[PDB]
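Next come C-alpha cells for two forms of one protein chain, structure 1 first, structure 2 second.
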Structure 1
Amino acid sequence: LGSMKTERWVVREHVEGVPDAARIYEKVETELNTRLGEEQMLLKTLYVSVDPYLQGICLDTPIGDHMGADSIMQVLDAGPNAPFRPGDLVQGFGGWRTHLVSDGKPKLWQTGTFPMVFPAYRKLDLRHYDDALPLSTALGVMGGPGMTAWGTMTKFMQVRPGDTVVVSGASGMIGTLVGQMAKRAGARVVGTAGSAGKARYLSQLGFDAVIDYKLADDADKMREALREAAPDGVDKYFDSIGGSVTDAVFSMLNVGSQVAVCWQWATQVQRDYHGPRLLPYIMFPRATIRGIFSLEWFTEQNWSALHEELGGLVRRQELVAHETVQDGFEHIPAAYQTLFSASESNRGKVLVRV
C-alpha cells in the first residue's frame, strides 16, 4: 500500500582515529516501504544527537548501513500492535535518517564488539518541556547524557563533603553535569579540558582546578599537575578519557575511592592500547572501579526521578545544561565533526534539529 522517499547518512568508509566525517559519511536517497507489520510504526525524525561515542559505533557499522544515533521521533503511523500511536513523540536509537520503520523493541547490536541491545523506544511527555527546558533536552540533560551523570552520582558514587572529585573530559555535557553535582555535594572538583576557553568555561561552572590535557604528552607532567590540583589525593574519578590522565589518577587514589569508567577517548579515538598496569594501584586503597553503561538505567522509574530531581535544578538555573542545536539534515556530519575540533564553539550537547 505504499512507499516514500527518505534520506539517510550511511557509512561509506571505516576510518580509525579522529573521524573525517566528510569522508566517512554519504547522504543517500532511500525508498522506505511504508506498509507496517503488526507491531511496527513509521517514524519521522525531529532531532538527532551527535556524540563522540558514535566514533566506535561507526567503526562497527557495516559499510552501507545508516549511522545509528540517539534521536527524537514522531510517530506518523502505527500498525495494530504498536507500542505508540500517531502523534506520539518518542526517544530511541533511530539514527541519521529522516524517516524509518521500527517496532521500537530492544534490539541486539549484532556487529558490535560487545553484543549490546539498544533499549526499547520510550515515550516523551510534552508537559515536561517548555522554554527553559525544551524538547531537545530529551537528548541531553533529560536524556542519555543526563541519565548517565545522574545515575552515576545517585546509584554508584557517594560524594561526601571534603572529597576530591576528578572529572576527565569535563568539557562535554556528562562531565559538566558530574562536576556540578559533585560541587553541590561539597566536593572539590578537578576537571580536564583541551583549550583555555574550555578551561575558563569549567571554572565559571564551579570546577576548582582545570588541567589542560595538552600536557598528556608527559605522564609525569600530568601527574604533577594532578598532584598540585588535588593535593589531598583523589576520592572519586569520573573517567571519559583514559590514557595518561587516568594513569596519573590511579597513582594517587585515596582509601575507599570510587572510579566510574564511562568512556576511554584515548584508547577509542587516539589508539592508546598499551600502558602502565592500573590494577596494582587499587589494592591498598581498596578502590572500586565500575564501568558505566547507562542503558541499564533506562526505566520508567528512573526517567521520572531524573525529571523531578534534575529538571527542577536546570529550570531554576542551579544546574547549567548547555545545548548547541544545529539546523538541517544535510548538516549532521558537519555538526558531528565539530566534536573533535580543538577550536571549540560547542557548549554542552551538540544536536541537530531536522
Structure 2
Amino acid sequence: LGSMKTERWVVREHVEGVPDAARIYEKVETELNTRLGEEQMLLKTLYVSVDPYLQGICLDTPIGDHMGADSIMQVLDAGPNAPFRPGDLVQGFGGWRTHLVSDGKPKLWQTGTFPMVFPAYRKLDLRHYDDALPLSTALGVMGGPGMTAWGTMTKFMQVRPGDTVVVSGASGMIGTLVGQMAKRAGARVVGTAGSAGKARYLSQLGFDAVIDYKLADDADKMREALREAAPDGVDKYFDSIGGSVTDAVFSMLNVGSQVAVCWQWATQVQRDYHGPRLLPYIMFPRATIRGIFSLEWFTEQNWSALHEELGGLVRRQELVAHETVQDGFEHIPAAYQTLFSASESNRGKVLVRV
C-alpha cells in the first residue's frame, strides 16, 4: 500500500525540574505507514493539550519517542472493524504528532511510575459543542480538567454554605473550576496565585481572597497569610501544589474537613521530598484525604453528566472556563513552556490548534 509524511515532537533529552522546551524537544519529520489493521485508524491531530503533568510523562518517555499528550483527532481512514469511521472526531492521548495510527484501545503506560492505563479513545459528538462551548473544550472544561474538577466536587467533596475552601494552584483551569463550584455551593474561597493580575483575575472569577505564593515562600509566611485569609479555619482543601502551602493548611484544619490531593507540583517539579509529617494533624480534625486520579471517572455516564451539569453552567454564563488556544504545530513546545513562565497571560487551559 502506502505512506505519508508526518511531523512529530520527540524527547531529545531528560532534564528534571522546570523543563526547558527548546532543549528537551525536537521536531522531526516522520514517514507513517498508512496500512491499517482490521481495527486500526489513521488519525489527523486537530488540537493538542499542554499540561504540567507532561513534565513527569516526559521524564518517563524513552529518548527519541514522541511526546505523549491529550489531543483531538479526526479519522482519515479506518480498517473494517475500527471503532470509529472516517470523519469521526475522537479524544485520546495521541501526543505531539500531526498524524498517527492507532486502534484506540486502552494502552498501558509501560515506563511509568504506576500501572497506568491510558483510556480508550472517546468519540466526540458535534451536538455538544457550539460557540460558547467549542470543540476544543474536549481538552478542557469538557475534558480531563473539567472531569477532575467536577468529579471531585460531586463524588468526594461536599462543600456546605459557610465553609472556607482553599485551592492551591488556583489560577489554572482545574483550580478556577473548583473555586467557582465551591462558591456556588456557598463557600468562602481562598486561592493561591503568582501575580497581582492573576490574583485580580481570580477575584473576578469570585475568589474571596488570593494569596501570593511568591511572597509567602515558607509555611510560616504562608501560615500567616492563611490565618488572615481564612480566620475561621479551613474546611476543604483542593491541593495541586503540596510543599509548604499544604504544610500550612494542615495546621488549621477544622473538624470534619476534607482534602483532595490532585497534584504535588512542589514535589514533582521542585523536588521537595521531605517535610513535616502531616498525619499527626488530621486525627482531632477527623479530616479525610482522598487521592485524585480522575481517569477512574472516564465513563460514558460521567461524560454525559459532565456535559449536562457543567456544560449548562458554562453556557448560561454562570461559570467561566477560559482557554488560550495557540495556533501552529511548530509552537507546541513554546506553548507548553508558558505553563512555567511568570507571564500572567495564561488564562485557563492552554491549547494548540494544529
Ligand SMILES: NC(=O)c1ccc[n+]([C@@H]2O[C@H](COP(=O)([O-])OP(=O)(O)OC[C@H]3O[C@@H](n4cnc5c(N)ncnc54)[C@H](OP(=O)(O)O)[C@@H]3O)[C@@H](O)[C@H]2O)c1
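Numbering runs along the sequence of structure 1, starting at 1. We call the rigid core whatever largest set of C-alpha positions still superposes within 1.5 Å between the two forms.
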Which of the two structures shown, 1 or 2, corresponds to the form deposited without the ligand?
1
With both forms put on the same core, how far apart in Å are the CA positions of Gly312 between the two structures?
1.0
After superposing on the rigid core, how many Å does the CA of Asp208 move between the two structures?
0.5
Rigid-core-superposed Cα shift at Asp218 between the two structures, Å
2.0
